[PDB]
>>> print(open('my_file_1.pdb').read())   # PDB, C-alpha atoms
ATOM      1  CA  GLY A   1     -22.058 144.182 193.285  1.00  0.00           C
ATOM      2  CA  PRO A   2     -24.559 146.916 192.429  1.00  0.00           C
ATOM      3  CA  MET A   3     -26.876 146.330 189.467  1.00  0.00           C
ATOM      4  CA  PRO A   4     -24.895 147.040 186.318  1.00  0.00           C
ATOM      5  CA  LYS A   5     -26.531 149.440 183.886  1.00  0.00           C
ATOM      6  CA  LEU A   6     -28.497 147.740 181.080  1.00  0.00           C
ATOM      7  CA  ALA A   7     -26.452 149.820 178.615  1.00  0.00           C
ATOM      8  CA  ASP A   8     -23.841 152.499 178.452  1.00  0.00           C
ATOM      9  CA  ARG A   9     -25.352 154.370 175.528  1.00  0.00           C
ATOM     10  CA  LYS A  10     -28.783 154.700 173.899  1.00  0.00           C
ATOM     11  CA  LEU A  11     -30.435 156.165 170.795  1.00  0.00           C
ATOM     12  CA  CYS A  12     -33.105 158.855 171.220  1.00  0.00           C
ATOM     13  CA  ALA A  13     -35.115 161.277 169.101  1.00  0.00           C
ATOM     14  CA  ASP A  14     -33.363 164.185 170.865  1.00  0.00           C
ATOM     15  CA  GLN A  15     -30.690 164.826 173.533  1.00  0.00           C
ATOM     16  CA  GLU A  16     -33.229 164.706 176.381  1.00  0.00           C
ATOM     17  CA  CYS A  17     -35.092 161.662 174.984  1.00  0.00           C
ATOM     18  CA  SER A  18     -38.308 163.619 175.476  1.00  0.00           C
ATOM     19  CA  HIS A  19     -39.887 163.109 172.025  1.00  0.00           C
ATOM     20  CA  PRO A  20     -41.071 159.623 171.099  1.00  0.00           C
ATOM     21  CA  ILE A  21     -39.227 157.766 168.335  1.00  0.00           C
ATOM     22  CA  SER A  22     -42.152 155.548 167.336  1.00  0.00           C
ATOM     23  CA  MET A  23     -45.570 154.137 168.091  1.00  0.00           C
ATOM     24  CA  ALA A  24     -45.655 150.331 168.323  1.00  0.00           C
ATOM     25  CA  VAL A  25     -48.152 147.590 169.111  1.00  0.00           C
ATOM     26  CA  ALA A  26     -47.363 144.603 171.342  1.00  0.00           C
ATOM     27  CA  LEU A  27     -47.355 141.202 169.627  1.00  0.00           C
ATOM     28  CA  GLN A  28     -46.424 139.145 172.703  1.00  0.00           C
ATOM     29  CA  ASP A  29     -46.985 139.436 176.448  1.00  0.00           C
ATOM     30  CA  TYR A  30     -44.121 140.433 178.686  1.00  0.00           C
ATOM     31  CA  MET A  31     -44.191 140.650 182.460  1.00  0.00           C
ATOM     32  CA  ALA A  32     -41.496 142.859 183.972  1.00  0.00           C
ATOM     33  CA  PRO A  33     -38.906 140.797 185.855  1.00  0.00           C
ATOM     34  CA  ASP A  34     -37.953 143.824 188.057  1.00  0.00           C
ATOM     35  CA  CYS A  35     -38.906 147.467 188.459  1.00  0.00           C
ATOM     36  CA  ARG A  36     -36.702 148.584 185.550  1.00  0.00           C
ATOM     37  CA  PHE A  37     -38.967 146.889 183.035  1.00  0.00           C
ATOM     38  CA  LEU A  38     -42.388 147.569 181.666  1.00  0.00           C
ATOM     39  CA  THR A  39     -45.262 145.036 181.867  1.00  0.00           C
ATOM     40  CA  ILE A  40     -47.028 144.697 178.486  1.00  0.00           C
ATOM     41  CA  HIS A  41     -49.811 142.514 177.060  1.00  0.00           C
ATOM     42  CA  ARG A  42     -50.651 141.626 173.431  1.00  0.00           C
ATOM     43  CA  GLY A  43     -52.420 144.460 171.650  1.00  0.00           C
ATOM     44  CA  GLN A  44     -51.311 147.285 173.921  1.00  0.00           C
ATOM     45  CA  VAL A  45     -49.808 150.396 172.337  1.00  0.00           C
ATOM     46  CA  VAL A  46     -46.296 151.418 173.396  1.00  0.00           C
ATOM     47  CA  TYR A  47     -44.638 154.734 172.598  1.00  0.00           C
ATOM     48  CA  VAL A  48     -40.903 154.124 172.222  1.00  0.00           C
ATOM     49  CA  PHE A  49     -38.630 156.901 173.553  1.00  0.00           C
ATOM     50  CA  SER A  50     -35.241 155.156 173.561  1.00  0.00           C
ATOM     51  CA  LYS A  51     -33.403 152.224 171.954  1.00  0.00           C
ATOM     52  CA  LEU A  52     -30.451 150.921 174.020  1.00  0.00           C
ATOM     53  CA  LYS A  53     -27.119 150.260 172.326  1.00  0.00           C
ATOM     54  CA  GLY A  54     -24.446 147.635 172.638  1.00  0.00           C
ATOM     55  CA  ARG A  55     -24.856 145.203 175.527  1.00  0.00           C
ATOM     56  CA  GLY A  56     -28.417 146.303 176.188  1.00  0.00           C
ATOM     57  CA  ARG A  57     -29.520 146.461 172.512  1.00  0.00           C
ATOM     58  CA  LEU A  58     -32.254 143.844 172.882  1.00  0.00           C
ATOM     59  CA  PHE A  59     -34.175 146.425 174.932  1.00  0.00           C
ATOM     60  CA  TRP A  60     -36.089 149.578 174.165  1.00  0.00           C
ATOM     61  CA  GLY A  61     -37.527 152.138 176.609  1.00  0.00           C
ATOM     62  CA  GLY A  62     -40.974 153.670 176.492  1.00  0.00           C
ATOM     63  CA  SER A  63     -44.426 153.945 177.995  1.00  0.00           C
ATOM     64  CA  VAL A  64     -47.762 152.187 177.617  1.00  0.00           C
ATOM     65  CA  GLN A  65     -50.926 153.886 176.273  1.00  0.00           C
ATOM     66  CA  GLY A  66     -53.927 153.910 178.567  1.00  0.00           C
ATOM     67  CA  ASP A  67     -57.660 153.456 178.030  1.00  0.00           C
ATOM     68  CA  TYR A  68     -58.875 156.967 177.111  1.00  0.00           C
ATOM     69  CA  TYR A  69     -57.915 158.763 173.918  1.00  0.00           C
ATOM     70  CA  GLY A  70     -54.649 160.565 174.335  1.00  0.00           C
ATOM     71  CA  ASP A  71     -53.523 158.921 177.626  1.00  0.00           C
ATOM     72  CA  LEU A  72     -49.904 157.804 177.972  1.00  0.00           C
ATOM     73  CA  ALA A  73     -48.623 156.458 181.284  1.00  0.00           C
ATOM     74  CA  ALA A  74     -46.054 158.697 182.866  1.00  0.00           C
ATOM     75  CA  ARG A  75     -43.756 155.875 183.834  1.00  0.00           C
ATOM     76  CA  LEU A  76     -40.976 154.853 181.482  1.00  0.00           C
ATOM     77  CA  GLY A  77     -39.564 151.308 181.542  1.00  0.00           C
ATOM     78  CA  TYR A  78     -37.608 148.864 179.405  1.00  0.00           C
ATOM     79  CA  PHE A  79     -38.794 145.906 177.330  1.00  0.00           C
ATOM     80  CA  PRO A  80     -37.484 143.586 174.669  1.00  0.00           C
ATOM     81  CA  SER A  81     -37.856 145.185 171.288  1.00  0.00           C
ATOM     82  CA  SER A  82     -38.972 141.881 169.828  1.00  0.00           C
ATOM     83  CA  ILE A  83     -42.302 141.945 171.618  1.00  0.00           C
ATOM     84  CA  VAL A  84     -43.590 144.963 169.636  1.00  0.00           C
ATOM     85  CA  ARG A  85     -44.299 145.830 166.023  1.00  0.00           C
ATOM     86  CA  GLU A  86     -43.299 149.412 165.190  1.00  0.00           C
ATOM     87  CA  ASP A  87     -46.284 150.902 163.281  1.00  0.00           C
ATOM     88  CA  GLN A  88     -45.205 154.514 162.744  1.00  0.00           C
ATOM     89  CA  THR A  89     -41.836 156.246 162.935  1.00  0.00           C
ATOM     90  CA  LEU A  90     -42.435 159.625 164.647  1.00  0.00           C
ATOM     91  CA  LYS A  91     -38.785 160.807 164.662  1.00  0.00           C
ATOM     92  CA  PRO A  92     -35.534 159.151 163.654  1.00  0.00           C
ATOM     93  CA  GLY A  93     -33.920 157.586 166.728  1.00  0.00           C
ATOM     94  CA  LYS A  94     -30.495 158.925 165.752  1.00  0.00           C
ATOM     95  CA  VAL A  95     -29.307 160.977 168.737  1.00  0.00           C
ATOM     96  CA  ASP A  96     -26.599 158.854 170.333  1.00  0.00           C
ATOM     97  CA  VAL A  97     -26.314 159.734 174.030  1.00  0.00           C
ATOM     98  CA  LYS A  98     -24.798 158.205 177.138  1.00  0.00           C
ATOM     99  CA  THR A  99     -27.112 156.623 179.683  1.00  0.00           C
ATOM    100  CA  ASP A 100     -27.140 158.503 182.975  1.00  0.00           C
ATOM    101  CA  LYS A 101     -27.484 157.337 186.587  1.00  0.00           C
ATOM    102  CA  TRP A 102     -31.221 158.037 186.496  1.00  0.00           C
ATOM    103  CA  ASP A 103     -31.938 155.812 183.473  1.00  0.00           C
ATOM    104  CA  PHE A 104     -32.056 152.497 185.384  1.00  0.00           C
ATOM    105  CA  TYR A 105     -33.133 153.781 188.813  1.00  0.00           C
ATOM    106  CA  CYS A 106     -36.844 152.900 189.026  1.00  0.00           C
TER     107      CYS A 106
END
>>> encode(input="my_file_1.pdb", output="structure tokens")
Amino acid sequence: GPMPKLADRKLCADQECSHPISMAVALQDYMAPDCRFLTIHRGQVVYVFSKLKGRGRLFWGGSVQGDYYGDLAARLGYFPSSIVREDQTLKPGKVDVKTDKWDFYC
């Protein structure tokens, strides 16, 4: 019935998933199929905050960098990991936590 969660568990840099795991650059375009996902275009910078596990492991969560130095969109959304190239690890994405009800809400 209701939209099933994309995953039951995820990997983060910390329990709250508030620190980014990595900085990545998009290699492919990706238009979000619904509000849970992030729309990205080749060349954009994405800060990765979560990596889903198990059934949702193709997808990562993060935010897109803006146009002025230092700008990161507030909105978090999911995207296929394969569309980006991770360029710098900021923190190990080792903290294994459960996804909550708010993770896939939009």
>>> residues_around(input="my_file_1.pdb", residues="range 7-19 of chain A", least_positions_apart="3", cutoff="9 Å", atoms="all atoms listed in the file", output="ChimeraX atom specification")
/A:4,49-57,60,90-100
>>> residues_around(input="my_file_1.pdb", residues="residue 25 in chain A", least_positions_apart="3", cutoff="8 Å", atoms="only C-alpha atoms", output="PDB file with C-alpha atoms, keeping the file's coordinate frame")
ATOM      1  CA  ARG A  42     -50.651 141.626 173.431  1.00  0.00           C
ATOM      2  CA  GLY A  43     -52.420 144.460 171.650  1.00  0.00           C
ATOM      3  CA  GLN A  44     -51.311 147.285 173.921  1.00  0.00           C
ATOM      4  CA  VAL A  45     -49.808 150.396 172.337  1.00  0.00           C
ATOM      5  CA  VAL A  46     -46.296 151.418 173.396  1.00  0.00           C
ATOM      6  CA  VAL A  84     -43.590 144.963 169.636  1.00  0.00           C
ATOM      7  CA  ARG A  85     -44.299 145.830 166.023  1.00  0.00           C
ATOM      8  CA  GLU A  86     -43.299 149.412 165.190  1.00  0.00           C
ATOM      9  CA  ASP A  87     -46.284 150.902 163.281  1.00  0.00           C
TER      10      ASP A  87
END
>>> resolve_selection(input="my_file_1.pdb", expression="the PyMOL selection byres ((chain A and resi 31) around 12)", output="NGL selection string")
:A and (28-30 or 32-42 or 77-80 or 83)
>>> atom_distance(input="my_file_1.pdb", atom1="CA of residue 5 in chain A", atom2="CA of residue 76 in chain A")
15.6 Å
>>> atom_distance(input="my_file_1.pdb", atom1="CA of residue 58 in chain A", atom2="CA of residue 2 in chain A")
21.2 Å
>>> resolve_selection(input="my_file_1.pdb", expression="the PyMOL selection byres ((chain A and resi 72) around 12)", output="ChimeraX atom specification")
/A:20,23,44-48,62-71,73-76
>>> atom_distance(input="my_file_1.pdb", atom1="CA of residue 21 in chain A", atom2="CA of residue 59 in chain A")
14.1 Å
>>> axis_aligned_box(input="my_file_1.pdb", around="range 74-78 of chain A", padding_each_side="4 Å", output="lines of an AutoDock Vina configuration file")
center_x = -41.8
center_y = 153.8
center_z = 181.6
size_x = 16.4
size_y = 17.8
size_z = 12.4
>>> decode(input="my_file_1.pdb", residues="range 13-39 of chain A", atoms="N, CA and C atoms", output="CSV table (one decimal), in the first residue's frame")
chain,number,residue,atom,x,y,z
A,13,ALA,N,28.1,9.3,8.8
A,13,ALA,CA,29.4,9.7,9.4
A,13,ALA,C,29.2,9.8,10.9
A,14,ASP,N,28.0,9.9,11.4
A,14,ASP,CA,27.7,10.0,12.8
A,14,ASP,C,26.2,9.6,13.0
A,15,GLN,N,25.8,9.3,14.2
A,15,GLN,CA,24.5,8.9,14.6
A,15,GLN,C,23.4,9.8,14.0
A,16,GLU,N,23.5,11.1,13.9
A,16,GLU,CA,22.6,12.0,13.4
A,16,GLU,C,22.7,12.2,11.9
A,17,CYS,N,23.7,11.6,11.3
A,17,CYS,CA,23.9,11.9,9.8
A,17,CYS,C,24.0,13.3,9.5
A,18,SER,N,24.7,14.1,10.4
A,18,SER,CA,24.8,15.5,10.2
A,18,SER,C,26.1,16.0,9.6
A,19,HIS,N,27.1,15.1,9.6
A,19,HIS,CA,28.4,15.5,9.0
A,19,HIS,C,28.4,14.8,7.6
A,20,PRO,N,29.0,15.5,6.6
A,20,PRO,CA,29.1,14.8,5.3
A,20,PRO,C,30.1,13.7,5.3
A,21,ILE,N,29.9,12.6,4.6
A,21,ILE,CA,30.8,11.5,4.4
A,21,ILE,C,31.8,11.9,3.4
A,22,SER,N,31.4,12.5,2.2
A,22,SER,CA,32.3,12.8,1.1
A,22,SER,C,31.8,13.9,0.2
A,23,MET,N,32.7,14.4,-0.5
A,23,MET,CA,32.4,15.3,-1.6
A,23,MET,C,32.6,14.6,-2.9
A,24,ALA,N,31.6,14.7,-3.8
A,24,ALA,CA,31.6,14.0,-5.1
A,24,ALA,C,31.2,14.9,-6.2
A,25,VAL,N,31.5,14.5,-7.4
A,25,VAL,CA,31.2,15.2,-8.6
A,25,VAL,C,30.3,14.4,-9.5
A,26,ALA,N,29.2,15.0,-10.0
A,26,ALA,CA,28.3,14.1,-10.9
A,26,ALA,C,29.0,13.9,-12.3
A,27,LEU,N,28.9,12.6,-12.7
A,27,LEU,CA,29.4,12.2,-14.0
A,27,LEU,C,28.3,12.0,-15.0
A,28,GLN,N,27.1,11.9,-14.6
A,28,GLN,CA,25.9,11.6,-15.4
A,28,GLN,C,24.8,12.5,-14.9
A,29,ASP,N,23.8,12.8,-15.8
A,29,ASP,CA,22.6,13.5,-15.3
A,29,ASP,C,21.6,12.4,-14.7
A,30,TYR,N,20.8,13.0,-13.8
A,30,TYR,CA,19.8,12.2,-13.2
A,30,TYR,C,18.6,13.1,-12.7
A,31,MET,N,17.5,12.8,-13.3
A,31,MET,CA,16.3,13.6,-13.0
A,31,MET,C,15.5,12.8,-12.0
A,32,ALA,N,15.1,13.5,-10.8
A,32,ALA,CA,14.4,12.8,-9.8
A,32,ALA,C,13.1,12.2,-10.3
A,33,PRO,N,12.8,10.9,-10.0
A,33,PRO,CA,11.5,10.4,-10.5
A,33,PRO,C,10.4,10.7,-9.5
A,34,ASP,N,10.7,11.1,-8.2
A,34,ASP,CA,9.7,11.5,-7.3
A,34,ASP,C,10.4,12.4,-6.3
A,35,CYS,N,9.6,13.0,-5.4
A,35,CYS,CA,10.2,14.0,-4.4
A,35,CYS,C,11.2,13.4,-3.5
A,36,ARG,N,11.4,12.1,-3.4
A,36,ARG,CA,12.4,11.6,-2.5
A,36,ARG,C,13.8,11.7,-3.1
A,37,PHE,N,13.9,12.0,-4.3
A,37,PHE,CA,15.2,11.9,-5.1
A,37,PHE,C,15.6,13.3,-5.4
A,38,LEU,N,17.0,13.4,-5.6
A,38,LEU,CA,17.6,14.6,-6.0
A,38,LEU,C,17.8,14.8,-7.4
A,39,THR,N,17.6,15.9,-8.1
A,39,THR,CA,17.9,16.1,-9.5
A,39,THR,C,19.3,16.7,-9.6
